[PDB]
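Each residue of the sequence shown is one higher than the one before, counting from 4 in full-length UniProt numbering. For each residue, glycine too, the CB sits at the ideal point set by N, CA and C. Notes to accompany the following structure.
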Amino acid sequence: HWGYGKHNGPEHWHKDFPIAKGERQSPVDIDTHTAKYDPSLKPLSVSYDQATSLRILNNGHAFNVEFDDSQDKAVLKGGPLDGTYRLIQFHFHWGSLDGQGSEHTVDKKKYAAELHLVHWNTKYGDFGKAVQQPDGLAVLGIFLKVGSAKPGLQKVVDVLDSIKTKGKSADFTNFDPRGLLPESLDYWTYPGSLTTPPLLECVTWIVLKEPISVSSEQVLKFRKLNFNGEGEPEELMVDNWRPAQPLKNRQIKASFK
Ligand SMILES: Cc1ccc2c(C)c(C(=O)NCc3ccc(S(N)(=O)=O)cc3)oc2c1C
Ligand SMILES: [Zn+2]
Numbered sequence: 004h005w006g007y008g009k010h011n012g013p014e015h016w017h018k019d020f021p022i023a024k025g026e027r028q029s030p031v032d033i034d035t036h037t038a039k040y041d042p043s044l045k046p047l048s049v050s051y052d053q054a055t056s057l058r059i060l061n062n063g064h065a066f067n068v069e070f071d072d073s074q075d076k077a078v079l080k081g082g083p084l085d086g087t088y089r090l091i092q093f094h095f096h097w098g099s100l101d102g103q104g105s106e107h108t109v110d111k112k113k114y115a116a117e118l119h120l121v122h123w124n125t126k127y128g129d130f131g132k133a134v135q136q137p138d139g140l141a142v143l144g145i146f147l148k149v150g151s152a153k154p155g156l157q158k159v160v161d162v163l164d165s166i167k168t169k170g171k172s173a174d175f176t177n178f179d180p181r182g183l184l185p186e187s188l189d190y191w192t193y194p195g196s197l198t199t200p201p202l203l204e205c206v207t208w209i210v211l212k213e214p215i216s217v218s219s220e221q222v223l224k225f226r227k228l229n230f231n232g233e234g235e236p237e238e239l240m241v242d243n244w245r246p247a248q249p250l251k252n253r254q255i256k257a258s259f260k
């Protein structure tokens, strides 16, 4: 099955998922000089005051912090979006070393990690239907650099020991994702895809310009997770990122001058 190694990693995915070579694949390199400021873009509206986290899960590729998405409790609106997108989960991609780990790049710069807050368009009723539509998902991407600790991340870091291996989950209630957001909501946006199989071309990407800082100790704890299940040979969960894909016929738009 697919993963991140020599024999099952990103360069192999197209065999099972031919859309891997499609026209709107993610991630991409964001060339900051060619991205055009679009004064028609609205401020992003991130309304996470009522977010209800439920659980954290090691799915063998990353860990997901899951939310109750059965009502309009945490939603993303505005920006490039039409209508209302509900938060379902967040996860990260990260590296074996601080110099890699992000999926998007900025002028070819790789960050240590990238946070993806995943939202689905409520006009399609649920997530499985939304992924079948070109405007089904909105993923808010936030870069992580290593420096000062992010206090709002620590609750996530400290539960990881309890979900070391694939298929483990833990109750994870009352986690406030507002604590993971940088000061500025300036962003780039473009039409793309899921960055893991099935690689569906259903995502409006919104990538924040301002990274958050996390500590070396925080990211080191991400790197102690395992891709393998309990009672299997240890494979550290590192380098779970897809490299930048061809931009093809797309334009990246900036919300800021
Ligand atoms: C076997 C199987 C069959 C179908 C699906 C679908 C339809 C998804 C899916 O939609 N996963 C959610 C998802 C959310 C966000 C991202 S990201 N990194 O933010 O672009 C990537 C993937 O996973 C599937 C699996 C694992
Ligand atoms: Zn992701």
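Just reading off the beta strand (DSSP E) that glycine 81 is part of, what are its end residues? Unbroken beta strand (DSSP E) run through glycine 81: 78 to 81.
Should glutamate 106 be listed as close to ligand 3, given that the test is whether its C-beta is under 8 Å from any heavy atom? Although ligand 3 was asked about, the structure shown includes only ligand 1 and ligand 2 as ligands.
Threshold first: 4 residues or longer. Then list the alpha helix (DSSP H) segments lying entirely within the segment 14 to 90, N to C. The segment 14 to 90 is shown to contain no whole alpha helix (DSSP H) run of 4 or more residues.
Could you check if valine 31 belongs to the surroundings of ligand 1, using beta carbon to heavy atom distance under 8 Å? No, ligand 1 has no heavy atom inside 8 Å of this Cβ.
Mind the definition here: the segment 204 to 224 touches the segment 171 to 178 only if three or more C-beta pairs lie below 8 Å; say whether that holds. Verdict: no, contact absent.
Under 8 Å: does the beta carbon of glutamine 92 sit that close to some heavy atom of ligand 1? Yes, ligand 1 has a heavy atom inside 8 Å of this Cβ.
Below 9 Å between beta carbons: does that hold for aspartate 242 and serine 29? With respect to the 9 Å criterion, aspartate 242 and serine 29 are not classified as neighbours on the basis of their beta carbons.
Evaluate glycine 144 with the Cβ neighbour count: other Cβ atoms within 10 Å of its Cβ, from every protein chain shown; 16 or more gives buried, anything less gives exposed. With 16 or more neighbouring CB atoms inside 10 Å of its own CB, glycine 144 falls in the buried class.
Tell me where the alpha helix (DSSP H) around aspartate 161 begins and ends. That run of the alpha helix (DSSP H) goes 157 to 162.
Beta strand (DSSP E) segment containing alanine 133, residue limits: Element bounds for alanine 133: not the beta strand (DSSP E) but the alpha helix (DSSP H), 130 to 133.
Please classify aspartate 72 as buried or exposed, where buried requires at least 16 neighbouring CB atoms within 10 angstroms. Looking at its Cβ environment, which holds 16 or more other Cβ atoms inside 10 Å, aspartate 72 is buried.
Looking at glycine 195 and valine 31, is the spacing between their C-beta atoms short of 9 Å? The beta carbons of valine 31 and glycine 195 sit closer together than 9 Å.
Quick check for students: name the residue ranges of the beta strand (DSSP E) that lie wholly in the segment 99 to 150, counting only runs of 3 or more. Whole beta strand (DSSP E) segments, 3+ residues: 116 to 124, 140 to 149.
Does ligand 1 have a heavy atom nearer than 8 Å to the CB of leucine 183? Result no, Cβ not under 8 Å from ligand 1.
Residues near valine 149 in its chain [Cβ-Cβ closer than 8 Å; skip 5 each side]: Spatial neighbours of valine 149 in its own chain (CB-CB distance under 8 Å, excluding positions within 5 residues in sequence) are listed in chain order as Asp101, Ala115, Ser216, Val217, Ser218, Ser219, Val222.
Outcome for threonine 108 when other beta-carbon atoms lying within 10 angstroms are tallied against a minimum of 16: Buried.
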